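Q: From first to last, the protein sequence lines are chains A, B and C. If you use my numbering, the first sequence closes out at 26, no skipped numbers anywhere. If you use my numbering, the second sequence closes out at 33, no skipped numbers anywhere. If you use my numbering, the third sequence closes out at 282, no skipped numbers anywhere. Dropping the structure in here first, questions after.
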Amino acid sequence: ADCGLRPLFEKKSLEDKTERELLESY
Amino acid sequence: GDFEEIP
Amino acid sequence: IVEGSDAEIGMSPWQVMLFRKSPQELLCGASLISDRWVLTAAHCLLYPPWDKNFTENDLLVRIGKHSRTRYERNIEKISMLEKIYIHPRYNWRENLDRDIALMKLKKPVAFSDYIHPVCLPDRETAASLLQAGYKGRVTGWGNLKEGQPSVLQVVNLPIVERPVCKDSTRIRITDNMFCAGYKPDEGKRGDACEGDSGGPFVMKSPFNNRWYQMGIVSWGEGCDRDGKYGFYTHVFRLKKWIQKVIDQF
Ligand SMILES: *[B]([O])([O])[C]([C][C][C][N])[N]C(=O)[C]1[C][C][C]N1C(=O)[C]([C]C1=[C][C]=[C][C]=[C]1)[N]C([C])=O
Numbered sequence: 001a002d003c004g005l006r007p008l009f010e011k012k013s014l015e016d017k018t019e020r021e022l023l024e025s026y
Numbered sequence: 027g028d029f030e031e032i033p
Numbered sequence: 034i035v036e037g038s039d040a041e042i043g044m045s046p047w048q049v050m051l052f053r054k055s056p057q058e059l060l061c062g063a064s065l066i067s068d069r070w071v072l073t074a075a076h077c078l079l080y081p082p083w084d085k086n087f088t089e090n091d092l093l094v095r096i097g098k099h100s101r102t103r104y105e106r107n108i109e110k111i112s113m114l115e116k117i118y119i120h121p122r123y124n125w126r127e128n129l130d131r132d133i134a135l136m137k138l139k140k141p142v143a144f145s146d147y148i149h150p151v152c153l154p155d156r157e158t159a160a161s162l163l164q165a166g167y168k169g170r171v172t173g174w175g176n177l178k179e180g181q182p183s184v185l186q187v188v189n190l191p192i193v194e195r196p197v198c199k200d201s202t203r204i205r206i207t208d209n210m211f212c213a214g215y216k217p218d219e220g221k222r223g224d225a226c227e228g229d230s231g232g233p234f235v236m237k238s239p240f241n242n243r244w245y246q247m248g249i250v251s252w253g254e255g256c257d258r259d260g261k262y263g264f265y266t267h268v269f270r271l272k273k274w275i276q277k278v279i280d281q282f
């Protein structure tokens, strides 16, 4: 649906303080 | 306990 | 959580708290998967060995929370349960195999900036992400050391190789579990602890930039113990069961 898309980050194109750590492991 | 009462 | 940090505001919109009326206290963590469904670990509700056995009447769900103990006035929404569904083949006797349960709220919550459902994995997804080395994220209001946080904690741990997991304990590990955490000779640490169970282990898809629940905090021998690792219910493996209960009900 609109799942896993946080109102306060993804929806606004804003990244959290440590989400990049995750993505850099993939 | 450490908790604040709920409505 | 041990060795984590304060979660940012609205960082885990799906994070839920299992809360009991009397005595008012935090049972476990959980996730919001739809407007009427919450997914937690079955041991949160049923654990005979500790005489733990909760029915819909003893619980409240607290969604959109940040502060652990404060009643976040115009932000949180507390829900009552209609029905609880534990997996028919959850092995509480031996190894919490199939440690998963589904909850049906009495009324669907309305979403907001703080409340939002996470995505359930699909074969393609679980196939791309559940790889050793890959990092996931657990959140919870659990114990800080094997005291309690004022605020939701967060930590990013790596998926560990099946073997390593196996050779880390005497417990019989199944296909319905996966382990995560750092190996002793890596530096960084962290883990879940008491009060974290039922909470989500999430990964962000590099493909559609969406968040998925790949696991549920299940068990571990102590917290952030070296040569030890955290255990999680492999959500994809149990998906058709979930679906089924969603269908049926
Ligand atoms: B949860 O918050 O309730 C907690 C999360 C993991 C702690 N790092 N889970 C538990 O405490 C579970 C539920 C009861 C037993 N348990 C354990 O983690 C046991 C190991 C175990 C595994 C399978 C079957 C029986 C026991 N570990 C400890 C230290 O007691």
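Ideal Cβ positions, reconstructed from N, Cα and C, are used throughout, including at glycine.
Compute the minimum distance between the beta carbon of C/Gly214 and the heavy atoms of ligand 1, and state whether it is under 6 Å.
A: No.
Q: Count the other CB atoms within 10 Å of the CB of C/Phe211; is the residue buried (16 or more) or exposed (fewer)?
A: The residue is buried, with at least 16 neighbouring Cβ atoms inside 10 Å.
Q: Tell me C/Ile204's beta-bridge partners as DSSP assigns them.
A: DSSP output for C/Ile204 lists no bridge partner at all.
Q: What in chain C is Cβ-close to A/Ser13, meaning under 7 Å?
A: Those do not exist, as A/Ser13 stays about 10 Å from chain C at its closest Cβ, beyond 7 Å.
Q: If we ignore side chains and look at the alpha-carbon of each, how far apart do C/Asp259 and C/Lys216 end up?
A: The alpha-carbon atoms of C/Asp259 and C/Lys216 are separated by roughly 7 Å.
Q: Would A/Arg6 pass as an interface residue toward chain C - the criterion being a Cβ-Cβ separation below 7 Å?
A: Cβ-Cβ to chain C under 7 Å: yes for A/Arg6.
Q: Would a C-beta distance cut-off of 7 Å place C/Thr73 and C/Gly231 closer than the cut-off?
A: A contact, by the Cβ cut-off of 7 Å.
Q: Less than 6 Å separating the Cβ of C/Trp174 from some heavy atom of ligand 1?
A: Not under cutoff, so the answer is no.
Q: Ligand 1 and C/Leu129: does any heavy atom of the ligand fall closer than 6 Å to the residue's C-beta?
A: The answer is yes for C/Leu129.
Q: If you run the structure through DSSP and keep just helix, strand and coil, what is C/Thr158?
A: It is helical.
Q: On the premise that C/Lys139 lies in contact with C/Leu162, defined as a C-beta separation below 8 Å, what is that separation, rounded to the nearest angstrom?
A: The pair is not a contact, with the Cβ atoms about 34 Å apart (cut-off 8 Å).
Q: Got a sec: which bits of the segment 228-255 of chain C sit with their beta carbon under 9 Å from any beta carbon on chain A, in order along the chain?
A: So the list reads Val235, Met236, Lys237, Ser238, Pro239, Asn241, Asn242, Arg243, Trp244, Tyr245, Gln246, given in the order they occur along the chain.
Q: Output yes if chain B places a C-beta closer than 7 Å to the C-beta of C/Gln57; else output no.
A: So yes, C/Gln57 belongs to the interface.
Q: Taking only beta-carbon atoms, is residue 292 of chain C less than 7 Å away from chain B?
A: No information on residue 292 of chain C is available, as it lies outside the stretch 34 to 282 that chain C covers here.
Q: Could you list the residues in the segment 170-193 of chain C with a C-beta less than 8 Å from some C-beta on chain E, going in chain order?
A: Here the protein chains are A, B and C, and chain E is not one of them.
Q: Am I right that C/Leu92 and C/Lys85 are in contact with their C-beta atoms under 8 Å? What's the rounded C-beta distance?
A: Rounded, the Cβ-Cβ distance is 12 Å, inconsistent with contact.
Q: Starting from the C-beta of C/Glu58, find all residues in its chain whose C-beta is less than 8 Å away, skip the five residues before and the five after it, and write them out in chain order.
A: Once the five neighbours on either side are set aside, the close Cβ partners of C/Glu58 are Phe52.
Q: For a test of the three-state rule: what should DSSP assign to C/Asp39, helix, strand or coil?
A: Strand.
Q: Who are C/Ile117's beta bridge partners in DSSP?
A: DSSP output for C/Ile117 lists C/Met136 as bridge partner(s).
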